2 protein chains.
Amino acid sequence: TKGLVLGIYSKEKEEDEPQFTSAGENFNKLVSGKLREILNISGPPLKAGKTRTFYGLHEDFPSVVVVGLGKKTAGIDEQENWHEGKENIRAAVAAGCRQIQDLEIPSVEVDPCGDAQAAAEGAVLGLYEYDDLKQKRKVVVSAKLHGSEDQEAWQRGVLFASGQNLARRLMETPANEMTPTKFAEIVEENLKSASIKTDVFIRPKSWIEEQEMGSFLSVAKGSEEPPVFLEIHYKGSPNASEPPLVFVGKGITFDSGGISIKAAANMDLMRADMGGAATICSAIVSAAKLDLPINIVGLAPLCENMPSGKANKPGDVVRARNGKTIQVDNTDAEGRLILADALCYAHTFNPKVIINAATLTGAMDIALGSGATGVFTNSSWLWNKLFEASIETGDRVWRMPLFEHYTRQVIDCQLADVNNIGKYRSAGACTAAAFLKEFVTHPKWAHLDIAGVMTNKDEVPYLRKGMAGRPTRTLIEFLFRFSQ
Amino acid sequence: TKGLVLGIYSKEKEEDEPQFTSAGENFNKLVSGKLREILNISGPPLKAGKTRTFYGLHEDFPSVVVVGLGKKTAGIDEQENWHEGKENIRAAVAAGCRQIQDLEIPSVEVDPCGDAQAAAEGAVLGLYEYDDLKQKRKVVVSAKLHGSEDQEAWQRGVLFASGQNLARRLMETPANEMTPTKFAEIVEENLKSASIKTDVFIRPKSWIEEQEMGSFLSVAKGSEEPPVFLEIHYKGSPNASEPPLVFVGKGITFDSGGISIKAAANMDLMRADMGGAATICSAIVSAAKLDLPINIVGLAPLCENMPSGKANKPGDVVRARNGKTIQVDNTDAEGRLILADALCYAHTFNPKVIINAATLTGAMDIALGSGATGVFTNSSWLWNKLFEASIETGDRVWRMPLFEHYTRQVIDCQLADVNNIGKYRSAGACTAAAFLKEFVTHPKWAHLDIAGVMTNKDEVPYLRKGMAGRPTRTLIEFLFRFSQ
Ligand SMILES: [Zn+2]
Ligand SMILES: [Zn+2]
Ligand SMILES: [Zn+2]
Ligand SMILES: [Zn+2]
Ligand SMILES: [Zn+2]
Ligand SMILES: [Zn+2]
């Protein structure tokens, strides 16, 4: 019927016993001390992220899962660059919800754990699973707030987590279903449901040609799947003329590498090479849901990178919208090609800031793995804003260098103005970033290389194995704070 | 006979002609305007780092090389994290000196260029070449300050550059000559020449065994070359009891990878796998030369990593000095093994700070290349001190993360307390750093992964192709400022 998730903290030195949250304390009282009694009988105390289940304590809650929240006053961890208490809550609540789901319980009430937004994030991110294409599926669990005192915060958590889950769905869906057109249609419907103060333009190939986006076009042509340039507007500012914030995302729905073909092992994960587009578009959907008082534009060039008799050939020179020529030495360095055109187009909006996201390089994965998203930016103010937002969400960012040292290695080009792969194999994420900078003149630009945080195995406790949708929540938080 | 290097700046908008430095202006006057006249006749102005040679202008200087210094007031570049003017001077002066050397001139006087230390660094780092083992050698050039007004600063530059050149020599020398014993003897003689307030102990294998350094010993045994543990003391503090600063360096004189053998291509560069030891030992020699008022201890475990019938075998478990067990899954991840024992020993000195350097991972090279040394530290105060020092020297540092996220991947171990390679291939530099942290309890520790800055092709203009000796000057600067 109905399950209940309650939290308990680690015992502090002067306490005689570990303390329940307010809800746990109230429930124990409701059952005349039976919860504390049974917890004591069960043995060792619950530590952070651990769970234990007690049956039959109340007729309304046949299964009660108690979860360890760790130290009650855990705040910002100076060494980890995140709010520890929030992370403990997300992990603990996710673990509790997965136990409720294993017991095949369709609905669960969740203890706010002193921070309803974090509790909601743990439950909603934790229960998520992409199973539309399977016969065998786990029970669908409906999680709601236990109590009625922390509603806005709980709902805020549901909203943030839902945005990330939308990104996860888009990334996880196989490329034959999640084509450029399909991705555009799903984003279009989600944005329109979020707010009527939106406009969506799924720009066709003819428009792309009119816009002289030769770099983007060169990538798309190898495949039979039609390319599209998704342009979305959210008019949240009270002043329609207020300069917008522009987000740009790499939308390669499937990357085979092209003529510079990839190895077979785990190439299926490349269905998520559109993660950059997924995260920035989902962030905008969420911003619209929150009705943030700001104008935002989202740009996402979308296409496949396939080998064929029409595909990009190593050595080919293409002309970007801005007139710059690019020597395509490696057709698998295609994300930067489509981004060159989208970044150029972004300047036409005279934006306040330009932020792009892309599952750009394997080098980024070798550099930081799934620990944090690499951020390249010409603005310390912007770096700081993204960094502060990440401490709150727990979806960490780490700064990477934008030095001429790297630029020199990409403009040293045999046939053109810029080469699409560096002179050497070193610092691949840095030279890719340098390539992108040659198409940016804006003073507040940030490039997020999310290749290393594309998937999750078990690193983030509250995300099941699969595409991660990171760092969608950090982007939403940045926008929220920016709007305030 | 004697050559002369003079600088000229880029012309500023309201100037009628580009301005010479004070020395260039004085020389032009000495030759009745002949320098300006000929420079004008030669054509286009000289830009940063470019040079032009004029003959017969003065009987004392048959060859005068004018070098472009760029913008006179170039200060700290916010985007590049270095003092630009100093970098322009080092590059320009090095280029000028190389031209003088090509003309086979044995002595040259160098314009201080508004910053004698930077000019001296450009000349001394710029002319350096390891050619002891060649029949054919370029002319030995003796560079001295032009004038007598900037002596202390010029000499400071010579000292800093000489320290780096010592590191370069140690790194460049072939491993059959630069053995553990030889490296120790060369460092010993250099430290003793620098100051009488020093003690050097080239600890033998019996001492290593007595110290129960099983991890270090396991690496050394595969080779026939005797291992040594170099321990150096510089007693510069007025108070002999003042806690020392401790530097630790990885001294693998040659790394074949061991049983987990390396590929053949460019394996010769592994003669520089002792770069960590070279840089920290050279920094200490320089600190002693400067007679900094501080106590410093240098620790450098030295040995070869070779395959044989006695070598480390994948899966073997070894016991570190601190009692922790380590599963040696990959024998090529040997630097962290010898460092575990040296870092443990470092705590016995009750130091103020512990800084280690190591050409540790190929991942670091993939991460940042030769743009900057990766720094992992549990102290933002220490990060800041190293960062500020690097702005001054131009030998840049960049912070990398020390997160439990990475620790989890190395303590998840089948047979022991810690595994010498991570669970996954991602973030190799980060998991290596996490491994090292398991052997550190000190509150002010920094690990410098210098694998990416081991060599120079043409990235640093003032360093000829070969082993770089980076970031020796940043370490010297840190110590200088610390002492003040
Ligand atoms: Zn997909
Ligand atoms: Zn690709
Ligand atoms: Zn791609
Ligand atoms: Zn050597
Ligand atoms: Zn090795
Ligand atoms: Zn090594």
So, of the residues in the stretch B:365-382 that are part of a loop (DSSP other than H, G, I, E, B) and over 17 Å from the mean Cα position of the chain (by Cα), which turns out to be farthest from the other protein chains (Cβ to nearest Cβ)?
B:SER379
Taking B:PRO301, is it within 15 Å of ligand 6 (Cβ to nearest atom) and in contact with a helix residue (DSSP H, G or I) (Cβ under 6 Å, 6 or more places away or on another chain)?
yes
Can we say A:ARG319 is surrounded by fewer than 19 Cβ atoms within 10 Å (Cβ to Cβ) and either more than 16 Å from ligand 2 (Cβ to nearest atom) or in contact (Cβ under 8 Å) with a residue 24 or more places away in the chain (or both)?
yes
Out of curiosity, is B:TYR462 without any contact (Cβ under 8 Å) to a residue 24 or more places away in the chain, in a loop (DSSP other than H, G, I, E, B) and either within 11 Å of chain A (Cβ to nearest Cβ) or surrounded by 24 or more Cβ atoms within 10 Å (Cβ to Cβ) (or both)?
no
Restrict the check to the stretch B:210-223 and report whether at least one residue is among the small types (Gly, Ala, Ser) and on the phi > 0 side of the Ramachandran plot.
no
Count of residues meeting criterion [in a loop (DSSP other than H, G, I, E, B) and free of Cβ contacts under 8 Å to residues at least 40 places away in the same chain] in the stretch A:47-79
7
Any residue at all in the stretch A:95-103 that is surrounded by fewer than 19 Cβ atoms within 10 Å (Cβ to Cβ) and at positive phi?
no
Exactly one of these conditions fails for A:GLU404: (1) surrounded by fewer than 19 Cβ atoms within 10 Å (Cβ to Cβ); (2) of a type in the set (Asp, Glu); (3) within 13 Å of chain B (Cβ to nearest Cβ); (4) touching a residue at least 60 places away in the same chain (Cβ under 8 Å). Give me its number.
(4)
Which of the residues spanning the stretch A:80-107 are within 14 Å of chain B (Cβ to nearest Cβ) and either free of Cβ contacts under 8 Å to residues at least 24 places away in the same chain or assigned to a loop (DSSP other than H, G, I, E, B) (or both)?
A:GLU80, A:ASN81, A:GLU84
Assuming A:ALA333 fulfils every condition listed in (1) outside any helix (DSSP H, G or I); (2) within 16 Å of the chain's Cα centre (by Cα); (3) away from every other protein chain (no Cβ under 14 Å) apart from one, which condition is it?
(2)
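Per-residue answers, yes or no, for (1) farther than 28 Å from A:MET270 by Cα; (2) over 14 Å from the mean Cα position of the chain (by Cα); (3) part of a helix (DSSP H, G or I):
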residue: A:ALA363; (1), (2), (3): no, yes, yes
residue: A:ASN384; (1), (2), (3): yes, yes, yes
residue: A:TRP398; (1), (2), (3): no, yes, no
residue: A:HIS405; (1), (2), (3): yes, yes, yes
residue: A:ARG408; (1), (2), (3): yes, yes, yes
Enumerate the pairs (first residue in the stretch B:254-275 and within 14 Å of chain A (Cβ to nearest Cβ); second residue anywhere and charged (D, E, K, R) and near ligand 6 (Cβ under 10 Å from one of its atoms)) with beta-carbon separation below 7 Å, excluding pairs fewer than 6 apart on the same chain, so at least 6 apart or on different chains.
none
What are the residues in the stretch B:69-83 that are touching a strand residue (DSSP E or B) at 6+ places or on another chain (Cβ under 6 Å) and crowded, with 19+ Cβ neighbours inside 10 Å, if any?
B:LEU69, B:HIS83
Looking at the stretch A:383-401, which of the residues that are facing chain B (nearest Cβ under 9 Å) and touching a residue at least 40 places away in the same chain (Cβ under 8 Å) is farthest from A:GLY157 (Cα to Cα)?
A:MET400
Checked B:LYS250, B:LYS182 against criteria (buried (at least 24 other Cβ atoms within 10 Å of the Cβ) and within 20 Å of the chain's Cα centre (by Cα)); the one match is B:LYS250
Identify all residues within the stretch A:1-33 that are within 35 Å of the chain's Cα centre (by Cα) and among the hydroxyl-bearing types (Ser, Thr, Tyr); write none if there are none.
A:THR1, A:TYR9, A:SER10, A:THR21, A:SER22
Tabulated pairs, the stretch A:164-190, first more than 20 Å from A:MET306 (Cα to Cα) and free of Cβ contacts under 8 Å to residues at least 60 places away in the same chain, second in a helix (DSSP H, G or I) and within 8 Å of ligand 1 (Cβ to nearest atom), C-beta under 8 angstrom, 6+ apart or interchain
A:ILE186/A:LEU170
Consider B:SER142 against the criteria (1) buried (at least 22 other Cβ atoms within 10 Å of the Cβ); (2) touching a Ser or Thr at 6+ places or on another chain (Cβ under 8 Å); (3) among the polar types (S, T, N, Q): it satisfies all of them except one. Which criterion is unmet?
(1)
Selection status of A:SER308, more than 14 Å from every other protein chain (Cβ to nearest Cβ) and more than 16 Å from ligand 6 (Cβ to nearest atom)
yes
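Readers should treat all values here as calculations from the given coordinates under stated rules, not as data from a laboratory. Note that we place each Cβ from the backbone using ideal geometry, even for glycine, and neighbour counts take in every protein chain shown.
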